[PDB]
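One structure is given here, and the rest of the page talks about it.
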Amino acid sequence: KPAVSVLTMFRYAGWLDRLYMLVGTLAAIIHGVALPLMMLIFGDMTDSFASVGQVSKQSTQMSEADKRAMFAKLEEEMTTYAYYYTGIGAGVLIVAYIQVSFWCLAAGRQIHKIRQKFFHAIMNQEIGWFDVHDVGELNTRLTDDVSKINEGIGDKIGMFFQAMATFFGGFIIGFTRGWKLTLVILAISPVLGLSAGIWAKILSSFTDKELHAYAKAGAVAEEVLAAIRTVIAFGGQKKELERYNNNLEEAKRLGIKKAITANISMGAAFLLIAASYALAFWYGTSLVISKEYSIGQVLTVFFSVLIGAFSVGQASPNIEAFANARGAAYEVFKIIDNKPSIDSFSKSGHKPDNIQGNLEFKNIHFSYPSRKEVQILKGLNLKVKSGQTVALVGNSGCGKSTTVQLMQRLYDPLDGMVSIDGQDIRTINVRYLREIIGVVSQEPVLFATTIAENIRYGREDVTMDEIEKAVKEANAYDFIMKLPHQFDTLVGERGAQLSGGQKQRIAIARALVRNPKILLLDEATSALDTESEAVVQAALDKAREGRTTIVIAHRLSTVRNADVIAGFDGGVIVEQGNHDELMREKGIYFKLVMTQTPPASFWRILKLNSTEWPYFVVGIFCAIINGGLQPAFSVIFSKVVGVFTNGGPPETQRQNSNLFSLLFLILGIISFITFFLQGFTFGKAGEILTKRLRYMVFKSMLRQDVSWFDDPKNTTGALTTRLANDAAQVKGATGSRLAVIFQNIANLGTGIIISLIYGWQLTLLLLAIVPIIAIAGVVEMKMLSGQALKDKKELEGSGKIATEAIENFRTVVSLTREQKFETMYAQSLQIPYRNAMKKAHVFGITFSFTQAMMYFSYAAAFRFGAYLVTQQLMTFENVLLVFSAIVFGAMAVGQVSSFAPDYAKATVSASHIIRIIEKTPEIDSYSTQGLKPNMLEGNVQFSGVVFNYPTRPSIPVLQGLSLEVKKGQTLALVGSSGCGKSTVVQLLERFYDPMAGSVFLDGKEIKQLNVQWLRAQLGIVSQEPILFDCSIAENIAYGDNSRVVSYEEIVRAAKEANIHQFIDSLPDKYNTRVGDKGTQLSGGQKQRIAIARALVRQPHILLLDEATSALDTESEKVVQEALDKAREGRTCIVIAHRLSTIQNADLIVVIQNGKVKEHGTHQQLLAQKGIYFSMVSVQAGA
Ligand SMILES: Brc1ccc(Oc2c(Br)cc(Br)cc2Br)c(Br)c1
Ligand SMILES: Brc1ccc(Oc2c(Br)cc(Br)cc2Br)c(Br)c1
């Protein structure tokens, strides 16, 4: 919404840039004007053949006499025109170069200037400006918004004035040479803009319906795949498939209805567009029989108008490129024009010599850019004597750290003044101020150069002698020399990561070359290992005594030798003096001392599509007819102008022109009829395989075992996404692109035959010319992409050192040296600049070449069409035909290169979708094999079970686990932590077979037992019961599948679960909807319902996995009261974390490290004193 003044945007265009644009826009206008003139001459050549075409047939008497005056007219005329076109092509060769070259030159020259000014502006902003902005958005604003500016002031402007030239020069020749047809062509324009407006309304309203249609099926998939362990537990795998299959049926019917309506839309749209033209051209014919126009002029205005009319559309993208470049230039120029109060690039203020370093802060009130929300300094008074070293202590607020900020004049105070020597800090140069202040901060930062270079960021003029003394004077010399490459080592975020106390000494050496008169030491010893701290601390003490120093730290070790110590309380200075004095004061300082002491030929995807042997053959056959039908319009056009250039006697003409225009419209309606079919047929054929794919995939997905859904690679969202995309992508490959790619190869095929068999070696010429300009148009775009990738590679090297500069900013400004990064970024940009110069000559040559090879190609089209062909006995009417036939058949093949990614994007989406069906599990619920025992009673026999989870085969959970529980008993299961408690329930449910050992139920190993039958006698109840969106009676009836459960039977379960209080309390009762879609209710209810569906099954084994986990107060007492009634009549395994409710259990088992450690009845384990009695004691007390 915000934008820029048009002149301010080119403020950096001066002298030549202003000329380049003027000459560029000039030749651009010349380039545009060139095309409608090309059409104007195409009318005069018709007139030439038309006068001879009328007189040659008018003879029917003399033959040799027509070999004289006729050919003489032709050779003076045709050579005059051919001489004229050859000139036009040389014109576009020059102006198209001038057009694109100059604008890309002015763009490159300016964008170089933008970048430099704009990075200069970034480094010039005071710190308070950064505290309110994100540096990351800023740097991306650097590389992206400048790119958008380049796109707008580039060669697009030349294309714009080229297009307006075609537009203006279009209707000028349109109006002057024939004003009537223009108004007639504009009259059908609202119809063409109204038919394409029905597309913006149909597409935008139906693309939502499908995204709503599958969102009903994709919602089924998401509550299933999220609750997958519950559907697997109760074996609703046939229902949840069925229940997704039923939503796929509706998505199919809505998909065929969309295929019917959308194909009715296209066909009617084209048939209105084509009829609109043909009426404007038939009524072109009505004006030649009346002698208001020449047969040549009708063409001249008809093309020049339609050329200029479509030239409007070909200019619209360049407008939006200019405006976006303006809007992008706003926030950029806003940074360049913005002037600071502090600078640091300013050459102003005093530069005191013989600085002695007496510092005082007077009544400083300050607040960071958070402003009125917080005020961190409520007045202040502090002097530090020259040579002395003052230490600042504080409990919190870190108002300590603020004084180092103000002493650098990173910000100015709200009220008060900071004074170095006698002068206010605001009178001294900002740069000289920071050159007389050395700074060592908590986190040290080192730039990605050599050690000597990071030290060289202290001062630019320095010799390895002074680097050596500096590092040796910060005892950092002994420790780099051992490191290889000597001073020539590397540092940075990337490469040679060092010890913290080692990085700080390089920072101390960096600040030491600064020979500062003032020293600021903020938190430097803090957050550092204890032993290297003393190594650094020796350097800090060796860095002082030549300087006045303010130091801030939480290490009270460094503070004793400070000449004065100062404590803060709420930004107010409270205590000051020597260490001993503050201790006698017994205040804040004393109080803090005591405290601290694979693309491949996949045919099988088409073999599954072979479910419909018809529906394709209908579309293909119907597409090829549409293909062969489409040049016949060019054949009609060729003979509407043909017979009427070849007229002779004029009485018969008016009667035929009505006949062709009729045929045309019969040929368009038979084109409508065939194009509805080829769309509907593929549409239906695509939507039905969409179901089969999503059915078989969702079937095969319910076939894998829990081992697969635990994979971090496969989550519920990633599976629904994999489910939707892959099915839609393969639909597109077999859908429109294939009907179109066969319609078009039939288009060119039925066109090339007509052209080849009519014109001899005429067609053989055009088949030498057209492929070359097509290839030359491709190699242009390859070179285009190559230059694009290359410039991206070498401007990111600049933006990379810009990245380093700006997100490490507060350090660089503390060291000054902005002019360093300033110069480095300039040297970095100098390569893309001198590269951007070559870009202009390259784009100009290529574009001018492809334009010239289009104009020269058509000079050869007529000079060969006449002369050697028309001095013979071949006819203009065919040359017209071969043009439209070949040229349209070629531009119809241009759709093949556009639908190419729809094939690859589908094959890749196919690549996964064939794998996902064929993958078979270790434990398949679908296998009908298994024992299905007859005897009812249930044991559980864990024996030597070692188990590790397939996702994390690192820490074992179960290793040598052995349990046995009789029928009708409760097996209490206590654990130190982890799923060692829970893995038992997962292995009995056979979510996994154990690594070693075995688990048995009735004496039979479950591993050889039937998988589905096994789970059918299991009453699993988890800690968070997931309930699908449906009737609570149906969430309950979900406990027994393969059979519909009686109402009184699901009532019996709700009676058991003690949930029947709601189930009548609701207005709907058992038919109320739950799942946080129809109704919401708390967890105690959800849980009871899960108990209800558990015991609908009438299991022989309950499995209670921390059922009271998320629950509170009386809700626990009632759910436990339901669980305690559910057991005592069944085999039970309970791992609930309430050991008070576990006292009345028949056997308690303690799990240690996957081994069973300690077991027995409650009082038995309570008589023993160990883990279980440590467990019961810790909760009962707490
Ligand atoms: Br009559 C008549 C026939 C074709 C005309 O131009 C074409 C041409 Br040439 C090809 C196709 Br496909 C559709 C149309 Br409309 C015109 Br304008 C008038
Ligand atoms: Br786009 C384009 C369309 C026709 C052009 O010249 C003609 C013209 Br004018 C008439 C016929 Br028939 C074929 C061609 Br090719 C040119 Br040059 C460019």
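Identifiers in the structure tokens: chain A, B, ... in order shown; residue index from 1 per chain; ligand index from 1 in order shown.
Residues lying within 12 Å of residue 658 of chain A, counting only C-alpha atoms and ignoring same-chain neighbours fewer than 5 positions away, are residues 278, 279, 281, 282, 283, 285, 286, 289, 636, 640, 652, 653, 663, 664 and 665 of chain A.
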Using only C-alpha atoms and all ligand atoms, find each residue in chain A having at least one atom no more than 8 Å away from ligand 1; report its shortest atom-to-atom pair and that distance in Å (one decimal), rows by chain then rising number, as a Markdown table.
| residue | atom | partner | partner_atom_place_in_ligand_line | distance |
| --- | --- | --- | --- | --- |
| A:273 | CA | ligand 1 | 15 (Br) | 7.7 |
| A:274 | CA | ligand 1 | 15 (Br) | 4.4 |
| A:275 | CA | ligand 1 | 15 (Br) | 6.6 |
| A:276 | CA | ligand 1 | 15 (Br) | 7.7 |
| A:277 | CA | ligand 1 | 17 (Br) | 4.8 |
| A:278 | CA | ligand 1 | 18 (C) | 4.1 |
| A:279 | CA | ligand 1 | 18 (C) | 7.5 |
| A:280 | CA | ligand 1 | 17 (Br) | 7.1 |
| A:281 | CA | ligand 1 | 17 (Br) | 5.3 |
| A:282 | CA | ligand 1 | 1 (Br) | 5.9 |
| A:630 | CA | ligand 1 | 12 (Br) | 5.1 |
| A:631 | CA | ligand 1 | 12 (Br) | 6.1 |
| A:632 | CA | ligand 1 | 12 (Br) | 7.6 |
| A:633 | CA | ligand 1 | 11 (C) | 4.9 |
| A:634 | CA | ligand 1 | 9 (Br) | 4.1 |
| A:635 | CA | ligand 1 | 9 (Br) | 7.5 |
| A:636 | CA | ligand 1 | 3 (C) | 5.5 |
| A:637 | CA | ligand 1 | 3 (C) | 3.9 |
| A:638 | CA | ligand 1 | 9 (Br) | 7.1 |
| A:640 | CA | ligand 1 | 1 (Br) | 6.1 |
| A:660 | CA | ligand 1 | 1 (Br) | 6.5 |
| A:661 | CA | ligand 1 | 1 (Br) | 4.9 |
| A:664 | CA | ligand 1 | 1 (Br) | 6.1 |
| A:884 | CA | ligand 1 | 9 (Br) | 5.9 |
| A:888 | CA | ligand 1 | 12 (Br) | 7.9 |
I'd like a table as CSV: residues in chain A with an atom no more than 8 Å from ligand 2, each row giving the shortest atom pair and its distance in Å to one decimal, only C-alpha atoms and all ligand atoms counted, sorted by chain and rising residue number.
residue,atom,partner,partner_atom_place_in_ligand_line,distance
A:35,CA,ligand 2,17 (Br),7.4
A:38,CA,ligand 2,9 (Br),6.5
A:39,CA,ligand 2,9 (Br),4.8
A:42,CA,ligand 2,9 (Br),5.4
A:303,CA,ligand 2,9 (Br),7.3
A:638,CA,ligand 2,12 (Br),7.8
A:854,CA,ligand 2,17 (Br),6.2
A:855,CA,ligand 2,17 (Br),5.4
A:857,CA,ligand 2,17 (Br),7.9
A:858,CA,ligand 2,17 (Br),5.7
A:861,CA,ligand 2,15 (Br),7.7
A:879,CA,ligand 2,12 (Br),7.3
A:880,CA,ligand 2,12 (Br),4.3
A:881,CA,ligand 2,12 (Br),6.7
A:882,CA,ligand 2,12 (Br),7.7
A:883,CA,ligand 2,13 (C),4.9
A:884,CA,ligand 2,12 (Br),5.4
A:887,CA,ligand 2,15 (Br),6.7
- Query: Between A:531, A:1076, A:780, A:424, which has the minimum distance to residue 846 of chain A (counting only C-alpha atoms)?
  - Reply: A:780
Please build the interface table for segment 803-833 of chain A against segment 390-407 of chain A with a cut-off of 12 Å, listing for each qualifying residue the nearest atom pair and the distance in Å to one decimal; count only C-alpha atoms, order rows by chain and increasing number, and write it as a tab-separated table.
residue	atom	partner	partner_atom	distance
A:810	CA	A:405	CA	10.3
A:811	CA	A:405	CA	11.5
A:813	CA	A:405	CA	11.7
A:814	CA	A:405	CA	9.5
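Between atom CA of residue 761 of chain A and atom CA of residue 859 of chain A there is a distance of 16.2 Å.
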- Message: When you look at residue 1030 of chain A with a cut-off of 9 Å (counting only C-alpha atoms), what residues show up, excluding the ones that are within fewer than 6 positions of it in the same chain? I need them as a list in words.
- Response: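 Here the qualifying residues turn out to be residues 1071, 1072, 1073, 1074, 1075 and 1078 of chain A.
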Kindly save the residues from that selection, with N, CA, C and O atoms included, as a PDB file, in the first residue's frame.
ATOM      1  N   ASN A1071     -28.012 -40.872  21.867  1.00  0.00           N
ATOM      2  CA  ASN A1071     -27.731 -40.422  20.513  1.00  0.00           C
ATOM      3  C   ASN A1071     -27.007 -39.084  20.472  1.00  0.00           C
ATOM      4  O   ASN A1071     -26.935 -38.465  19.407  1.00  0.00           O
ATOM      5  N   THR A1072     -26.471 -38.626  21.599  1.00  0.00           N
ATOM      6  CA  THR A1072     -25.717 -37.380  21.615  1.00  0.00           C
ATOM      7  C   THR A1072     -24.349 -37.573  20.967  1.00  0.00           C
ATOM      8  O   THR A1072     -23.750 -38.650  21.030  1.00  0.00           O
ATOM      9  N   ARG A1073     -23.858 -36.511  20.336  1.00  0.00           N
ATOM     10  CA  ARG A1073     -22.597 -36.546  19.612  1.00  0.00           C
ATOM     11  C   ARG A1073     -21.476 -35.994  20.485  1.00  0.00           C
ATOM     12  O   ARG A1073     -21.640 -34.966  21.145  1.00  0.00           O
ATOM     13  N   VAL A1074     -20.336 -36.684  20.479  1.00  0.00           N
ATOM     14  CA  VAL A1074     -19.171 -36.308  21.270  1.00  0.00           C
ATOM     15  C   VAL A1074     -17.952 -36.345  20.356  1.00  0.00           C
ATOM     16  O   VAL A1074     -17.950 -37.005  19.318  1.00  0.00           O
ATOM     17  N   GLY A1075     -16.926 -35.585  20.728  1.00  0.00           N
ATOM     18  CA  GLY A1075     -15.693 -35.539  19.967  1.00  0.00           C
ATOM     19  C   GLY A1075     -15.233 -34.112  19.783  1.00  0.00           C
ATOM     20  O   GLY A1075     -14.396 -33.815  18.924  1.00  0.00           O
ATOM     21  N   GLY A1078     -19.783 -32.075  18.236  1.00  0.00           N
ATOM     22  CA  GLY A1078     -21.190 -31.936  18.552  1.00  0.00           C
ATOM     23  C   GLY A1078     -21.437 -31.495  19.980  1.00  0.00           C
ATOM     24  O   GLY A1078     -22.286 -30.636  20.233  1.00  0.00           O
TER      25      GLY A1078
END
